[PDB]
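Take a look at this single chain in structure tokens; it is the form deposited in one PDB entry.
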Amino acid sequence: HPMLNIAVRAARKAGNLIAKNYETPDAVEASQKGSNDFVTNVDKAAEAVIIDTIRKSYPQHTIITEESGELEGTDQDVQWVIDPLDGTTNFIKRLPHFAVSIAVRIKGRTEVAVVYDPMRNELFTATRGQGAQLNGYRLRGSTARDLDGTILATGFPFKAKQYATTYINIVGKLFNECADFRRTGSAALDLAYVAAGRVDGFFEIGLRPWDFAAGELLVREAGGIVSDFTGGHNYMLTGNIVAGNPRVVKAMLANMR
């Protein structure tokens, strides 16, 4: 795919910049969008690289990014949904777990996806109908058949703490069944880890379209399922995400019911 090629180039170019800013934390300094949500010059500098790169082969495509909103082009049938740095808190604390997320949707259907870990040099790619890969290895997800002994990735609603006590409950009910959780601070990498089988499932409240647009396709092409907290497909409206293989999502949702 020609569009997959461009996405990997922009992801790798932006990943190279983010990495170098990590090993040389000379000029990084933050800025507060919301309570406990931050922006850095490295976010916008890597965002500029992604836009620039996309726009030498397709600057007529609409580009939707977290930091600049919708920047529509002439061809509105194709839309790049970009997260320049998923895991900004981790980056500021110099916790080396973050990634570049790039998704392409064609008239409302995601065709390609890229999640790139610059610190580990791990490249997750997906193409619709053509499977999902990690550095050239096809991903099949987790062979888990129930919630017994499962490791579940998740995130806390530090952007929507009005649902704090609701989230705490859901964790305990799941903890009553599952073995452990993982809280990594990167939703894109959490979804990539579900598709790779490094964890068994994922759930978070109120994600943002660019947080999961690429990661959702990784899970689906690894044989997985994505849904909202009530089993429906209206998570593009809500940002309430449940992801995993069919039985786990099944068992996860039954526990949630």
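Residues that one form lacks are left out of the comparison. The first residue of the sequence shown is number 1, and the count goes up from there. Just so we're on the same page, rigid core means the largest C-alpha set that superposes within 1.5 Å between forms.
What comes next is about the form solved in complex with a partner chain, which is not displayed.
Of the residues given (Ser227, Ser68, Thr53, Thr62), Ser227 alone sits with a heavy atom within 4.5 Å of its partner chain in the deposited bound form. Mapping the unseen interface onto this chain, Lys20 falls outside it, with no heavy atom inside 4.5 Å of its partner chain in the deposited bound form. Among residues of the shown chain, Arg220 is one whose heavy atoms approach its partner chain to within 4.5 Å in the deposited bound form.
For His1, no non-hydrogen atom is located within 4.5 Å of its partner chain in the deposited bound form, even though that partner is not displayed. For the chain shown alone, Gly231 is a contact residue for its partner chain in the deposited bound form, at least one non-hydrogen atom being within 4.5 angstroms. Relative to the superposed core, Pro25 undergoes a C-alpha shift of no less than 2 Å between the shown form and the other one. Panel note: the distance between the CA atoms of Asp26 and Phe91 is smaller in the deposited bound form than in this form, the difference being 3 Å or more. Three angstroms is the minimum change: in the deposited bound form, the CA atoms of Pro25 and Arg12 sit farther apart than in this structure, by 3 Å or more. When the two forms are overlaid on the core, consecutive residue runs of 3+ whose CA positions all differ by 2 Å or more between the shown form and the other one map to 24-31, 38-40.
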